[PDB]
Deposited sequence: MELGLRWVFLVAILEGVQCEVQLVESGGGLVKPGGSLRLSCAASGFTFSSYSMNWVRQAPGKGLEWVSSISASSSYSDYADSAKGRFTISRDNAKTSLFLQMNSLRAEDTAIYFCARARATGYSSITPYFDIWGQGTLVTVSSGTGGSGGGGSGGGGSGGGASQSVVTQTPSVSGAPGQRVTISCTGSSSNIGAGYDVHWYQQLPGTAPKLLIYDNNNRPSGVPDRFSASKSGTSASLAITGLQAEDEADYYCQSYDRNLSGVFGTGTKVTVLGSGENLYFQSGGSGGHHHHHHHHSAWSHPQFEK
């Protein structure tokens, strides 16, 4: 399974750009792809979505009309058109597959991410800015937010992103865990909040942890970014 990307070249401030994402290894016609924007040094941002057959396609309030999305199931490709680029669009773009359990709420989680492509020009949830410590003792990360983010019943997912690496799904559907992730990490949701507990930290297992939960006003918020460092 891989989502190769192309089309991320230098653009003048006000041109047009095509981003293509070719997915190999799964049925492209049954998964609702998404696009995620990551600024050079800031948190992840959700920009656009697409249904499994292009019937529905939501956009972020900062990219409505300005951007557009499409897909071709015959060639298994996903395309993003950016017109009239601004000065705040310099970032790396990931094409991410999405799945939704839907048992309690529809809060899609991006389990598989692309490598990302550079793009350059010439009620949001928030969490702890950083946390430190030593290997051994447990550390906790809290992702707050209420009303529509988590007070509406939407689940909370946690992604771990190493520096200069594609984000990886760490916790999905509140407190569950995917295969390949050690039981070292734990997660929980209480009221309108979230908690990720890491006990027995490794020196090499420090990265940025982001919380994502669907929001009624604007779809797919992301956390501000918790910087975990180990002495």
Sequence ranges without modelled C-alpha atoms (deposited numbering): 1 to 20, 143 to 164, 274 to 306
